[PDB]
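The chain that follows stands alone, in the form deposited in one PDB entry, written as structure tokens.
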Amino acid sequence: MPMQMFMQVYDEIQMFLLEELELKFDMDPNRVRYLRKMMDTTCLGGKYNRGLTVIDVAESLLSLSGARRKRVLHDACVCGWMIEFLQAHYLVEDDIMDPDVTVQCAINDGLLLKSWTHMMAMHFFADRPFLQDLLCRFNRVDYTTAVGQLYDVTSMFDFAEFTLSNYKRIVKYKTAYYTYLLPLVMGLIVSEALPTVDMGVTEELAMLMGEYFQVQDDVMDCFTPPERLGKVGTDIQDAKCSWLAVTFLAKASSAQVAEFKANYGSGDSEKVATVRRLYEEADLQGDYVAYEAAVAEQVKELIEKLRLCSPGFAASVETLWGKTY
């Protein structure tokens, strides 16, 4: 039922976008079908984690507060596809980083996906009192993610910024705002229960869960084999400010830091294996267990503070926290 409606609203959104291009933007069928295929390729196929969270939050707030039900659930599905389209926009921008027409189309497709989030919001929410507030928080978080990518890209240029606090700054703006806080807030807005929740506890929860997932994501990028990860680990070669790097630099000797700096950020197969050897020989994945258990304990506590004033909202956050844990 949740996924079956989420895909049904996708058909309704796509039909509006493509018909608007044909009827209002004077687009020929060849380019309409091309944009249909590009939309299905970049937006469909994933796990829809962010989009389904919006639907999960809106369900808990209408059942725990009738034509109002159909309106809120449909609005949540549109907001869910706004984030899914925004993630597709981010994925296209990543493909560009790594008279050529296929690059011109990739750049143009990234801008179209970003614009489609505005068009589907201006259309389905034209008669909603929260349209202006929804677009403001949406674009502010998109601005936050771009600022977060600047911290992540320039984390090794200006090892001075390889600290745990700066790691939290990167995860906060690069991941935590649009992956965890944005879907929760969009669920509160379509349910019109935005002023009925403690946003401080909610924001603090999103940062903790965002940081928890990133530490697990950094370890998998290093030790999980390529076939079991769905990609090829590249944080070592890219000299990324990962949780493993900042935790190593804090508990290593001068030679181990010297050997780390002489091997980190290189593409040689044996210099990367030397980095992994330094990670293994420091019992870092022992610190990984305790660090994650400490964060998970902080997640359980903040959910209870949020339930005293918003019970049904915390139930949907326990579901979101389960999909990460």
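Each residue number is its position in the shown sequence, starting from 1.
What follows is about the form solved in complex with a small molecule, which we do not show.
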Worksheet, complete the sentence: Assert contact residue (the small molecule, in the entry with it bound, non-hydrogen atom within 4.5 Å, options 248, 116, 213, 162) equals 213
Worksheet item: Heavy atoms within 4.5 Å of the small molecule in the entry with it bound: which of the stretches 124-132, 176-184, 251-259, 67-75 has them?
Response: 176-184
Worksheet item: Are any of the heavy atoms in residue 49 no more than 4.5 Å from a heavy atom of the small molecule in the entry with it bound?
Response: yes
Fill in: Contact flag, residue 237 vs the small molecule in the entry with it bound, heavy atom cut 4.5 Å
no
